[PDB]
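As provided, start.txt (compact mmCIF, C-alpha atoms and all ligand atoms) reads as follows.
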# COMPACT_ATOMS: atom_id res chain seq x y z
CA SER A 1 44.77 -39.91 -49.20
CA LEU A 2 41.05 -40.42 -49.85
CA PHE A 3 41.90 -43.79 -51.42
CA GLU A 4 43.24 -45.18 -48.14
CA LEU A 5 40.53 -43.48 -46.06
CA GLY A 6 37.77 -44.82 -48.30
CA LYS A 7 39.18 -48.34 -48.13
CA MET A 8 39.41 -48.20 -44.32
CA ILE A 9 35.79 -47.08 -44.06
CA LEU A 10 34.72 -49.92 -46.35
CA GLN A 11 36.75 -52.49 -44.41
CA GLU A 12 35.37 -51.37 -41.02
CA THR A 13 31.77 -50.42 -41.86
CA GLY A 15 31.03 -52.55 -44.91
CA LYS A 16 29.44 -49.52 -46.52
CA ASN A 17 30.16 -47.64 -49.70
CA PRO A 18 32.05 -44.69 -48.16
CA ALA A 19 30.96 -42.20 -50.83
CA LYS A 20 27.26 -43.12 -50.52
CA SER A 21 27.18 -43.25 -46.72
CA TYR A 22 29.73 -40.63 -45.69
CA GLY A 23 30.49 -38.40 -48.70
CA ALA A 24 27.77 -35.98 -47.59
CA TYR A 25 26.34 -36.69 -44.14
CA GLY A 26 25.30 -34.19 -41.49
CA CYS A 27 27.45 -31.12 -40.89
CA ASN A 28 30.89 -32.74 -40.87
CA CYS A 29 31.08 -35.85 -43.12
CA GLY A 30 32.24 -34.69 -46.53
CA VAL A 31 33.40 -31.46 -48.13
CA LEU A 32 34.39 -28.12 -46.61
CA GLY A 33 34.59 -27.45 -42.92
CA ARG A 34 32.97 -28.39 -39.65
CA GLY A 35 29.61 -27.63 -38.10
CA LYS A 36 27.83 -28.50 -34.89
CA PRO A 37 27.39 -32.30 -35.20
CA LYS A 38 23.91 -33.73 -35.74
CA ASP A 39 24.54 -37.19 -34.22
CA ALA A 40 27.34 -39.59 -33.26
CA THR A 41 28.23 -40.51 -36.86
CA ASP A 42 28.54 -36.81 -37.72
CA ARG A 43 30.65 -36.26 -34.61
CA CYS A 44 33.10 -38.92 -35.84
CA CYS A 45 33.75 -36.77 -38.91
CA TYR A 46 34.04 -33.67 -36.71
CA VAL A 47 36.86 -35.27 -34.70
CA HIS A 48 38.41 -36.45 -37.97
CA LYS A 49 38.55 -32.88 -39.30
CA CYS A 50 40.08 -31.62 -36.06
CA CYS A 51 42.57 -34.48 -36.43
CA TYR A 52 43.54 -33.25 -39.92
CA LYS A 53 44.17 -29.73 -38.61
CA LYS A 57 46.94 -31.00 -36.32
CA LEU A 58 48.88 -32.37 -39.29
CA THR A 59 51.99 -30.47 -40.37
CA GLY A 60 54.11 -31.37 -43.38
CA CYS A 61 51.73 -33.54 -45.40
CA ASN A 67 48.52 -33.17 -47.38
CA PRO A 68 45.73 -35.39 -45.99
CA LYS A 69 43.77 -35.37 -49.26
CA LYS A 70 46.50 -36.40 -51.72
CA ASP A 71 49.38 -37.95 -49.75
CA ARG A 72 49.41 -41.75 -49.92
CA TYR A 73 50.48 -44.04 -47.09
CA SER A 74 50.76 -47.76 -46.46
CA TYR A 75 48.52 -49.75 -44.14
CA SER A 76 47.52 -53.40 -43.88
CA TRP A 77 44.46 -55.37 -42.80
CA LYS A 78 45.71 -57.87 -40.21
CA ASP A 79 43.44 -59.87 -37.90
CA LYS A 80 40.57 -57.67 -39.17
CA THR A 81 42.41 -54.62 -37.84
CA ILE A 82 43.76 -51.54 -39.60
CA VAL A 83 47.53 -51.55 -39.03
CA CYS A 84 49.30 -48.39 -40.14
CA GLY A 85 52.62 -49.10 -41.80
CA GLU A 86 54.54 -45.83 -41.64
CA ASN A 87 57.47 -44.39 -39.71
CA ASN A 88 57.13 -40.83 -41.03
CA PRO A 90 55.42 -38.80 -38.25
CA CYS A 91 52.97 -36.96 -40.52
CA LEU A 92 52.00 -40.03 -42.57
CA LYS A 93 51.72 -42.06 -39.35
CA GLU A 94 49.46 -39.47 -37.70
CA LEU A 95 47.42 -39.10 -40.89
CA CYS A 96 46.92 -42.87 -41.06
CA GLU A 97 45.82 -42.98 -37.41
CA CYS A 98 43.36 -40.12 -38.05
CA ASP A 99 41.80 -42.12 -40.90
CA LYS A 100 41.81 -45.39 -38.93
CA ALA A 101 40.10 -43.67 -35.99
CA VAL A 102 37.23 -42.26 -38.05
CA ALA A 103 36.68 -45.61 -39.77
CA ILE A 104 36.41 -47.31 -36.37
CA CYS A 105 34.23 -44.50 -34.98
CA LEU A 106 31.83 -44.72 -37.93
CA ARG A 107 31.55 -48.48 -37.46
CA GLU A 108 30.86 -48.15 -33.73
CA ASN A 109 28.02 -45.68 -34.38
CA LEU A 110 26.40 -47.42 -37.36
CA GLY A 111 23.44 -48.22 -35.09
CA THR A 112 22.28 -44.59 -35.07
CA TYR A 113 23.07 -43.80 -38.72
CA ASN A 114 20.06 -41.91 -40.11
CA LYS A 115 19.68 -41.50 -43.88
CA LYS A 116 17.75 -38.27 -43.27
CA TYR A 117 21.12 -36.60 -42.60
CA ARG A 118 22.44 -37.56 -46.05
CA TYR A 119 22.92 -34.53 -48.31
CA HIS A 120 22.41 -32.17 -45.38
CA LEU A 121 22.77 -28.54 -46.49
CA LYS A 122 25.38 -26.20 -45.02
CA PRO A 123 23.15 -23.20 -44.26
CA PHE A 125 21.30 -25.52 -41.84
CA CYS A 126 24.43 -26.14 -39.73
CA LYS A 127 25.40 -24.06 -36.73
CA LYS A 129 28.93 -22.75 -36.23
CA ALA A 130 31.29 -25.42 -34.93
CA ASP A 131 33.34 -24.90 -31.80
CA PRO A 132 37.11 -24.47 -32.10
CA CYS A 133 38.91 -27.80 -32.17
CA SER B 1 34.60 -21.93 -51.83
CA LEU B 2 32.41 -25.02 -52.03
CA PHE B 3 29.79 -23.02 -50.09
CA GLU B 4 29.39 -20.52 -52.95
CA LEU B 5 29.62 -23.30 -55.55
CA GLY B 6 26.82 -25.21 -53.84
CA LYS B 7 24.58 -22.14 -53.63
CA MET B 8 25.06 -21.39 -57.34
CA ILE B 9 24.19 -24.97 -58.29
CA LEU B 10 21.06 -24.79 -56.14
CA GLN B 11 20.07 -21.43 -57.63
CA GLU B 12 20.56 -22.60 -61.23
CA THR B 13 19.41 -26.24 -61.09
CA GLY B 15 17.10 -26.27 -58.08
CA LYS B 16 18.76 -29.56 -57.09
CA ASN B 17 20.44 -30.55 -53.84
CA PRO B 18 24.07 -30.18 -54.99
CA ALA B 19 25.53 -33.04 -52.95
CA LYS B 20 22.75 -35.40 -53.93
CA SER B 21 22.99 -34.86 -57.68
CA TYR B 22 26.63 -33.82 -58.12
CA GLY B 23 28.67 -34.87 -55.06
CA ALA B 24 29.60 -38.16 -56.73
CA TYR B 25 28.57 -38.33 -60.40
CA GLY B 26 30.51 -39.95 -63.19
CA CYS B 27 34.27 -39.52 -63.33
CA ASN B 28 34.54 -35.77 -62.61
CA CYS B 29 31.72 -34.56 -60.30
CA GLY B 30 33.06 -35.04 -56.78
CA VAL B 31 36.36 -35.37 -54.97
CA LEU B 32 38.20 -37.99 -57.04
CA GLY B 33 40.15 -35.87 -59.54
CA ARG B 34 39.35 -35.98 -63.25
CA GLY B 35 38.54 -38.76 -65.72
CA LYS B 36 37.22 -39.23 -69.24
CA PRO B 37 33.70 -37.83 -68.89
CA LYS B 38 30.76 -40.24 -69.08
CA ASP B 39 28.23 -37.69 -70.39
CA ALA B 40 27.55 -33.96 -70.69
CA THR B 41 26.90 -33.39 -66.97
CA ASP B 42 30.19 -35.12 -66.18
CA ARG B 43 31.85 -32.95 -68.85
CA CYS B 44 30.71 -29.82 -66.98
CA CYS B 45 32.62 -31.02 -63.91
CA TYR B 46 35.64 -31.91 -66.06
CA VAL B 47 35.76 -28.36 -67.45
CA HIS B 48 35.25 -27.01 -63.91
CA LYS B 49 38.24 -28.92 -62.53
CA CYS B 50 40.45 -27.76 -65.41
CA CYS B 51 39.27 -24.22 -64.61
CA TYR B 52 40.32 -24.68 -60.97
CA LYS B 53 43.71 -25.93 -62.08
CA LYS B 57 44.71 -22.69 -63.67
CA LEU B 58 43.81 -20.55 -60.65
CA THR B 59 46.76 -18.77 -59.04
CA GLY B 60 46.49 -16.62 -55.91
CA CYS B 61 43.54 -18.21 -54.09
CA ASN B 67 42.25 -21.52 -52.73
CA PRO B 68 39.25 -22.70 -54.79
CA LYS B 69 37.90 -24.97 -52.04
CA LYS B 70 38.23 -22.66 -49.02
CA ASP B 71 38.28 -19.05 -50.25
CA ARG B 72 34.88 -17.42 -49.92
CA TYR B 73 33.69 -14.65 -52.31
CA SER B 74 30.70 -12.42 -52.98
CA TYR B 75 28.25 -12.70 -55.85
CA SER B 76 24.75 -11.46 -56.57
CA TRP B 77 21.60 -13.04 -57.98
CA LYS B 78 20.25 -10.30 -60.25
CA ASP B 79 17.48 -10.95 -62.79
CA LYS B 80 18.02 -14.66 -62.06
CA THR B 81 21.64 -14.44 -63.24
CA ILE B 82 24.80 -15.10 -61.24
CA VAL B 83 26.77 -11.84 -61.23
CA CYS B 84 30.29 -12.18 -59.86
CA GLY B 85 30.98 -9.27 -57.53
CA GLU B 86 34.74 -9.52 -57.11
CA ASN B 87 37.54 -7.66 -58.87
CA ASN B 88 40.50 -9.43 -57.27
CA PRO B 90 41.71 -11.44 -60.30
CA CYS B 91 41.77 -14.87 -58.64
CA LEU B 92 38.43 -14.57 -56.84
CA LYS B 93 36.90 -13.16 -60.00
CA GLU B 94 38.14 -16.14 -62.03
CA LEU B 95 37.13 -18.53 -59.29
CA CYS B 96 33.62 -17.06 -59.23
CA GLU B 97 33.45 -17.39 -63.02
CA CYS B 98 34.55 -21.06 -62.89
CA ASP B 99 31.77 -21.82 -60.40
CA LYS B 100 29.16 -19.80 -62.29
CA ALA B 101 30.02 -21.65 -65.50
CA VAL B 102 29.68 -25.11 -63.98
CA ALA B 103 26.37 -24.22 -62.30
CA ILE B 104 24.96 -22.98 -65.62
CA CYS B 105 26.44 -25.96 -67.47
CA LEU B 106 24.86 -28.41 -65.02
CA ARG B 107 21.44 -26.78 -65.43
CA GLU B 108 21.85 -26.86 -69.22
CA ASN B 109 22.50 -30.61 -69.18
CA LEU B 110 19.81 -31.75 -66.74
CA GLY B 111 18.05 -33.13 -69.82
CA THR B 112 20.62 -35.93 -70.18
CA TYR B 113 21.44 -36.36 -66.47
CA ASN B 114 21.38 -40.08 -65.69
CA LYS B 115 21.15 -41.38 -62.14
CA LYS B 116 23.07 -44.49 -63.14
CA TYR B 117 26.27 -42.41 -63.00
CA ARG B 118 25.75 -41.57 -59.32
CA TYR B 119 28.53 -43.19 -57.26
CA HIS B 120 30.32 -44.33 -60.41
CA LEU B 121 33.33 -46.44 -59.41
CA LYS B 122 36.75 -44.99 -60.20
CA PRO B 123 38.12 -48.20 -61.76
CA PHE B 125 35.53 -47.79 -64.54
CA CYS B 126 37.01 -44.36 -65.36
CA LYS B 127 39.27 -43.79 -68.02
CA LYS B 129 42.35 -41.37 -67.85
CA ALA B 130 41.35 -37.77 -68.53
CA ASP B 131 42.75 -35.75 -71.40
CA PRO B 132 45.15 -32.95 -70.40
CA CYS B 133 43.51 -29.64 -69.55
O1 LIG C 1 23.36 -18.67 -48.53
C1 LIG C 1 22.47 -19.50 -48.42
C2 LIG C 1 22.64 -20.88 -48.91
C3 LIG C 1 23.85 -21.33 -49.19
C4 LIG C 1 24.05 -22.72 -49.67
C5 LIG C 1 22.96 -23.55 -49.91
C6 LIG C 1 23.14 -24.86 -50.36
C7 LIG C 1 24.42 -25.35 -50.56
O2 LIG C 1 24.63 -26.62 -51.00
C8 LIG C 1 25.58 -24.46 -50.30
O3 LIG C 1 26.85 -24.91 -50.49
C9 LIG C 1 25.35 -23.17 -49.85
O4 LIG C 1 21.22 -19.13 -47.79
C10 LIG C 1 21.28 -17.84 -47.19
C11 LIG C 1 21.06 -16.78 -48.24
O5 LIG C 1 20.14 -16.87 -49.04
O6 LIG C 1 21.87 -15.73 -48.31
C12 LIG C 1 20.22 -17.77 -46.11
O7 LIG C 1 18.97 -18.11 -46.70
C13 LIG C 1 17.84 -17.62 -45.92
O8 LIG C 1 18.04 -16.89 -44.95
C14 LIG C 1 16.48 -18.03 -46.30
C15 LIG C 1 15.47 -17.83 -45.45
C16 LIG C 1 14.10 -18.25 -45.83
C17 LIG C 1 13.91 -19.06 -46.95
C18 LIG C 1 12.64 -19.48 -47.33
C19 LIG C 1 11.53 -19.09 -46.58
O9 LIG C 1 10.28 -19.48 -46.94
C20 LIG C 1 11.74 -18.23 -45.39
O10 LIG C 1 10.68 -17.83 -44.64
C21 LIG C 1 13.02 -17.84 -45.05
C22 LIG C 1 20.54 -18.80 -45.07
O11 LIG C 1 20.11 -19.94 -45.19
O12 LIG C 1 21.29 -18.50 -44.02
Serialized structure, structure tokens:
Amino acid sequence: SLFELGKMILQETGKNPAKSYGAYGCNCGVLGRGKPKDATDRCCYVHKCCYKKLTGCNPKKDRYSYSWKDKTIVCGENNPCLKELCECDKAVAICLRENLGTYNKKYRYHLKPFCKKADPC
Amino acid sequence: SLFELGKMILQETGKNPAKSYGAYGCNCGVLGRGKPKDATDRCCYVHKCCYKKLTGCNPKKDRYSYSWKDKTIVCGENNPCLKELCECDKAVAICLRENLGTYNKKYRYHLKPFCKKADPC
């Protein structure tokens, strides 16, 4: 769920996940994908393609267990959907951290009509 | 869909919808409902209760047609769900404009633990 995803992003990036990634570029935040604006945005693009592959669970509401061991996100699920969902969320948290260096606040609150159509996943 | 909702909010309030309302108080944003902090937050509370009684369509993803006639949102659907959905979104956009006078930036990125449980819809 968003609770786990938000905590992962905080633990990896150190940033308030709502402030930094709740509305960034064409892919970080609500409703759909668009052609990514930069590497941070592309992380959220991959994350949304990751969610589309899920079958049998709801990525927004379904909770799962993970732990923070050796400063690493360690998913703690056997259920295939919950396990894949947790790895989707872990991957975007890591990707956002890796690309913090090119984060540009000018892409915060980017408007949808200014995004081109995204490619199929 | 959130596309139409965002456009209505922009047309009514003139404000960037994600900036002002993507994470405000306990109810504006993607964290469920909570006891509203002020009138703007109450608009979003009412909006989410409105979404909860929709049957037959997906409020986040289902796109619909409306018109901007004499600076009024005019819902242009007669399918019952899309019509109701359009009316939910129109009402929150108008409500948010009507309560700009007490909008308080201090409620941006309000932390969920400070929210109290919402009353039943
Ligand atoms: O539909 C929209 C906007 C939707 C939307 C917005 C914010 C949100 O947060 C959201 O969720 C949705 O805009 C589209 C529409 O008006 O029909 C359409 O606008 C235009 O073409 C405007 C062109 C133009 C304007 C000013 C000028 O000076 C000029 O020369 C040209 C387009 O941009 O594609």
Just need chain B moved onto chain A: least-squares over all Cα atoms matched in order, then output as an mmCIF file with C-alpha atoms, in the coordinates of the input.
data_model
loop_
_atom_site.group_PDB
_atom_site.id
_atom_site.type_symbol
_atom_site.label_atom_id
_atom_site.label_comp_id
_atom_site.auth_asym_id
_atom_site.auth_seq_id
_atom_site.Cartn_x
_atom_site.Cartn_y
_atom_site.Cartn_z
ATOM 1 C CA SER B 1 44.868 -39.787 -49.035
ATOM 2 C CA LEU B 2 41.131 -40.114 -49.595
ATOM 3 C CA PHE B 3 41.907 -43.418 -51.360
ATOM 4 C CA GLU B 4 43.240 -44.977 -48.138
ATOM 5 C CA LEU B 5 40.484 -43.332 -46.079
ATOM 6 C CA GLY B 6 37.825 -44.813 -48.348
ATOM 7 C CA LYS B 7 39.344 -48.299 -48.190
ATOM 8 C CA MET B 8 39.467 -48.202 -44.378
ATOM 9 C CA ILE B 9 35.822 -47.130 -44.177
ATOM 10 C CA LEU B 10 34.851 -49.958 -46.525
ATOM 11 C CA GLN B 11 36.893 -52.483 -44.539
ATOM 12 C CA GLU B 12 35.422 -51.410 -41.184
ATOM 13 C CA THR B 13 31.808 -50.567 -42.087
ATOM 14 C CA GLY B 15 31.241 -52.596 -45.243
ATOM 15 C CA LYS B 16 29.490 -49.519 -46.667
ATOM 16 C CA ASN B 17 30.147 -47.624 -49.883
ATOM 17 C CA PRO B 18 32.032 -44.659 -48.370
ATOM 18 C CA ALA B 19 30.757 -41.989 -50.762
ATOM 19 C CA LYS B 20 27.185 -43.181 -50.477
ATOM 20 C CA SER B 21 27.003 -43.183 -46.685
ATOM 21 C CA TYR B 22 29.602 -40.559 -45.745
ATOM 22 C CA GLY B 23 30.348 -38.320 -48.754
ATOM 23 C CA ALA B 24 27.698 -35.829 -47.638
ATOM 24 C CA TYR B 25 26.302 -36.570 -44.165
ATOM 25 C CA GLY B 26 25.336 -34.032 -41.558
ATOM 26 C CA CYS B 27 27.541 -31.001 -41.013
ATOM 27 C CA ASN B 28 30.985 -32.673 -41.010
ATOM 28 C CA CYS B 29 31.069 -35.756 -43.298
ATOM 29 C CA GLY B 30 32.041 -34.416 -46.715
ATOM 30 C CA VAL B 31 33.769 -31.432 -48.258
ATOM 31 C CA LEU B 32 32.056 -28.487 -46.548
ATOM 32 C CA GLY B 33 34.310 -27.832 -43.542
ATOM 33 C CA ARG B 34 33.071 -28.405 -39.999
ATOM 34 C CA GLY B 35 29.824 -27.659 -38.159
ATOM 35 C CA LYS B 36 28.060 -28.503 -34.913
ATOM 36 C CA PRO B 37 27.561 -32.253 -35.309
ATOM 37 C CA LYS B 38 24.027 -33.571 -35.821
ATOM 38 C CA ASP B 39 24.656 -37.020 -34.295
ATOM 39 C CA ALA B 40 27.405 -39.485 -33.380
ATOM 40 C CA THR B 41 28.313 -40.395 -36.976
ATOM 41 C CA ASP B 42 28.649 -36.696 -37.777
ATOM 42 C CA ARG B 43 30.767 -36.314 -34.620
ATOM 43 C CA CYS B 44 33.218 -38.909 -35.980
ATOM 44 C CA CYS B 45 33.775 -36.706 -39.038
ATOM 45 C CA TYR B 46 34.092 -33.614 -36.830
ATOM 46 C CA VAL B 47 36.867 -35.279 -34.810
ATOM 47 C CA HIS B 48 38.467 -36.460 -38.075
ATOM 48 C CA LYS B 49 38.621 -32.938 -39.513
ATOM 49 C CA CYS B 50 40.117 -31.568 -36.287
ATOM 50 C CA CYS B 51 42.679 -34.387 -36.528
ATOM 51 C CA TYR B 52 43.548 -33.309 -40.084
ATOM 52 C CA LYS B 53 43.955 -29.734 -38.928
ATOM 53 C CA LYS B 57 46.865 -30.480 -36.692
ATOM 54 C CA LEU B 58 48.833 -32.387 -39.337
ATOM 55 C CA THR B 59 52.127 -30.766 -40.330
ATOM 56 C CA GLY B 60 54.438 -32.137 -43.027
ATOM 57 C CA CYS B 61 51.997 -33.911 -45.358
ATOM 58 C CA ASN B 67 48.837 -33.376 -47.407
ATOM 59 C CA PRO B 68 45.933 -35.336 -45.869
ATOM 60 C CA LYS B 69 43.902 -35.401 -49.094
ATOM 61 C CA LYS B 70 46.624 -36.333 -51.601
ATOM 62 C CA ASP B 71 49.447 -38.091 -49.734
ATOM 63 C CA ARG B 72 49.198 -41.854 -50.058
ATOM 64 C CA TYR B 73 50.461 -44.239 -47.316
ATOM 65 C CA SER B 74 50.720 -47.934 -46.515
ATOM 66 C CA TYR B 75 48.686 -49.860 -43.971
ATOM 67 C CA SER B 76 47.846 -53.494 -43.347
ATOM 68 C CA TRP B 77 44.662 -55.392 -42.531
ATOM 69 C CA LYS B 78 45.844 -57.902 -39.926
ATOM 70 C CA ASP B 79 43.405 -59.923 -37.801
ATOM 71 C CA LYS B 80 40.691 -57.596 -39.145
ATOM 72 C CA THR B 81 42.439 -54.563 -37.632
ATOM 73 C CA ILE B 82 43.857 -51.536 -39.434
ATOM 74 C CA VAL B 83 47.590 -51.481 -38.676
ATOM 75 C CA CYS B 84 49.330 -48.294 -39.770
ATOM 76 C CA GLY B 85 52.599 -49.207 -41.460
ATOM 77 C CA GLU B 86 54.343 -45.842 -41.587
ATOM 78 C CA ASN B 87 56.949 -44.335 -39.278
ATOM 79 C CA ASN B 88 57.251 -40.913 -40.908
ATOM 80 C CA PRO B 90 55.545 -38.804 -38.202
ATOM 81 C CA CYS B 91 53.016 -37.049 -40.448
ATOM 82 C CA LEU B 92 51.971 -40.113 -42.449
ATOM 83 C CA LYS B 93 51.762 -42.092 -39.232
ATOM 84 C CA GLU B 94 49.455 -39.484 -37.679
ATOM 85 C CA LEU B 95 47.489 -39.195 -40.887
ATOM 86 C CA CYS B 96 46.996 -42.967 -40.986
ATOM 87 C CA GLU B 97 45.868 -42.884 -37.349
ATOM 88 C CA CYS B 98 43.345 -40.085 -38.050
ATOM 89 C CA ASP B 99 41.823 -42.142 -40.871
ATOM 90 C CA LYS B 100 41.848 -45.383 -38.880
ATOM 91 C CA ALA B 101 40.067 -43.653 -35.999
ATOM 92 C CA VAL B 102 37.285 -42.225 -38.149
ATOM 93 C CA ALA B 103 36.729 -45.560 -39.922
ATOM 94 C CA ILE B 104 36.404 -47.347 -36.569
ATOM 95 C CA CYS B 105 34.252 -44.535 -35.171
ATOM 96 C CA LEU B 106 31.894 -44.702 -38.156
ATOM 97 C CA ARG B 107 31.486 -48.470 -37.757
ATOM 98 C CA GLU B 108 30.857 -48.013 -34.024
ATOM 99 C CA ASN B 109 28.024 -45.559 -34.691
ATOM 100 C CA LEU B 110 26.217 -47.347 -37.524
ATOM 101 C CA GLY B 111 23.556 -48.118 -34.915
ATOM 102 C CA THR B 112 22.399 -44.480 -34.848
ATOM 103 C CA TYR B 113 23.193 -43.617 -38.487
ATOM 104 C CA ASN B 114 20.181 -41.804 -39.935
ATOM 105 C CA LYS B 115 19.687 -41.406 -43.669
ATOM 106 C CA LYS B 116 17.816 -38.162 -43.089
ATOM 107 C CA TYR B 117 21.190 -36.453 -42.565
ATOM 108 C CA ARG B 118 22.383 -37.387 -46.062
ATOM 109 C CA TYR B 119 22.815 -34.204 -48.130
ATOM 110 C CA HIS B 120 22.107 -32.031 -45.097
ATOM 111 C CA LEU B 121 22.026 -28.385 -46.197
ATOM 112 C CA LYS B 122 24.791 -26.152 -44.858
ATOM 113 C CA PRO B 123 22.449 -23.323 -43.796
ATOM 114 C CA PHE B 125 20.946 -25.719 -41.226
ATOM 115 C CA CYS B 126 24.410 -26.159 -39.668
ATOM 116 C CA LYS B 127 25.478 -24.452 -36.760
ATOM 117 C CA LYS B 129 29.086 -23.018 -36.215
ATOM 118 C CA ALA B 130 31.489 -25.687 -34.980
ATOM 119 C CA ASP B 131 33.311 -25.450 -31.677
ATOM 120 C CA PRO B 132 37.069 -24.809 -31.935
ATOM 121 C CA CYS B 133 39.217 -27.909 -32.307
#
Need to verify the contact set: residue 95 in chain B, 8 Å, all atoms listed in the file, exclusion of same-chain residues closer than 6 positions in sequence. Can you return it as a PyMOL selection string? chain B and resi 52+58+68
Mind checking which residues fall within 6 Å of residue 8 in chain A, counting only C-alpha atoms, ignoring those fewer than 3 positions away in the same chain, and posting them as number ranges by chain? A: 5, 11, 103
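Residues of protein, DNA or RNA having at least one counted atom within 9 Å of (47.1, -50.8, -47.1), given only C-alpha atoms, are residues 4, 7, 8, 73, 74, 75, 76, 77, 82, 83, 84 and 85 of chain A.
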Axis-aligned box for all listed atoms of ligand LIG 1 (chain C), 5 Å per side, centre and edges in Å to one decimal, as JSON:
{"center_x": 18.6, "center_y": -21.2, "center_z": -47.5, "size_x": 26.6, "size_y": 20.9, "size_z": 17.0}
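Residue-level contacts from chain B to chain A at 10 Å, counting all atoms listed in the file, read residues 1, 2, 3, 6, 7, 17, 18, 19, 20, 21, 23, 24, 30, 31, 32, 69, 70, 118, 119, 120 and 121 of chain B.
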Just range 107-129 of chain B, please, as a JSON list (two decimals), in the first residue's frame (only N, CA and C atoms).
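That gives us part06.json:
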[["chain", "number", "residue", "atom", "x", "y", "z"],
["B", 107, "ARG", "N", -13.12, 26.56, -4.66],
["B", 107, "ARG", "CA", -13.11, 27.99, -4.96],
["B", 107, "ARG", "C", -13.80, 28.79, -3.87],
["B", 108, "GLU", "N", -14.95, 28.30, -3.39],
["B", 108, "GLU", "CA", -15.73, 29.03, -2.41],
["B", 108, "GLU", "C", -15.03, 29.17, -1.07],
["B", 109, "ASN", "N", -14.01, 28.35, -0.81],
["B", 109, "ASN", "CA", -13.34, 28.34, 0.48],
["B", 109, "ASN", "C", -11.87, 28.74, 0.37],
["B", 110, "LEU", "N", -11.48, 29.33, -0.77],
["B", 110, "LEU", "CA", -10.14, 29.89, -0.89],
["B", 110, "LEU", "C", -9.87, 30.93, 0.19],
["B", 111, "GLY", "N", -10.92, 31.62, 0.65],
["B", 111, "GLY", "CA", -10.77, 32.65, 1.65],
["B", 111, "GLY", "C", -10.24, 32.17, 2.99],
["B", 112, "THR", "N", -10.43, 30.89, 3.33],
["B", 112, "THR", "CA", -9.85, 30.35, 4.56],
["B", 112, "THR", "C", -8.78, 29.30, 4.29],
["B", 113, "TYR", "N", -8.40, 29.10, 3.03],
["B", 113, "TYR", "CA", -7.30, 28.19, 2.72],
["B", 113, "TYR", "C", -6.06, 28.58, 3.50],
["B", 114, "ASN", "N", -5.41, 27.60, 4.12],
["B", 114, "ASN", "CA", -4.23, 27.87, 4.94],
["B", 114, "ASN", "C", -3.11, 26.92, 4.52],
["B", 115, "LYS", "N", -2.03, 27.49, 4.02],
["B", 115, "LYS", "CA", -0.88, 26.72, 3.57],
["B", 115, "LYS", "C", -0.30, 25.80, 4.64],
["B", 116, "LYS", "N", -0.55, 26.10, 5.90],
["B", 116, "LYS", "CA", 0.00, 25.26, 6.96],
["B", 116, "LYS", "C", -0.55, 23.84, 6.91],
["B", 117, "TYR", "N", -1.67, 23.62, 6.24],
["B", 117, "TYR", "CA", -2.25, 22.28, 6.11],
["B", 117, "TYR", "C", -1.71, 21.51, 4.92],
["B", 118, "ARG", "N", -0.87, 22.14, 4.09],
["B", 118, "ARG", "CA", -0.19, 21.39, 3.04],
["B", 118, "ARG", "C", 0.75, 20.35, 3.65],
["B", 119, "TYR", "N", 0.67, 19.13, 3.13],
["B", 119, "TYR", "CA", 1.50, 18.01, 3.59],
["B", 119, "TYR", "C", 1.29, 17.74, 5.08],
["B", 120, "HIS", "N", 0.04, 17.90, 5.52],
["B", 120, "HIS", "CA", -0.37, 17.51, 6.86],
["B", 120, "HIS", "C", -0.10, 16.03, 7.08],
["B", 121, "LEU", "N", 0.50, 15.69, 8.23],
["B", 121, "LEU", "CA", 0.87, 14.31, 8.50],
["B", 121, "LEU", "C", -0.35, 13.52, 8.97],
["B", 122, "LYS", "N", -0.51, 12.33, 8.42],
["B", 122, "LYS", "CA", -1.63, 11.47, 8.77],
["B", 122, "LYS", "C", -1.81, 11.19, 10.27],
["B", 123, "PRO", "N", -0.71, 10.97, 11.01],
["B", 123, "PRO", "CA", -0.90, 10.72, 12.45],
["B", 123, "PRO", "C", -1.63, 11.84, 13.18],
["B", 125, "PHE", "N", -1.56, 13.07, 12.68],
["B", 125, "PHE", "CA", -2.30, 14.17, 13.29],
["B", 125, "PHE", "C", -3.78, 14.16, 12.93],
["B", 126, "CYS", "N", -4.23, 13.23, 12.09],
["B", 126, "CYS", "CA", -5.61, 13.18, 11.65],
["B", 126, "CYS", "C", -6.44, 12.29, 12.56],
["B", 127, "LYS", "N", -7.63, 12.78, 12.92],
["B", 127, "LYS", "CA", -8.45, 12.11, 13.47],
["B", 127, "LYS", "C", -9.39, 11.20, 12.68],
["B", 129, "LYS", "N", -10.05, 10.11, 13.18],
["B", 129, "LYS", "CA", -10.87, 9.24, 12.34],
["B", 129, "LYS", "C", -12.07, 10.01, 11.81]]
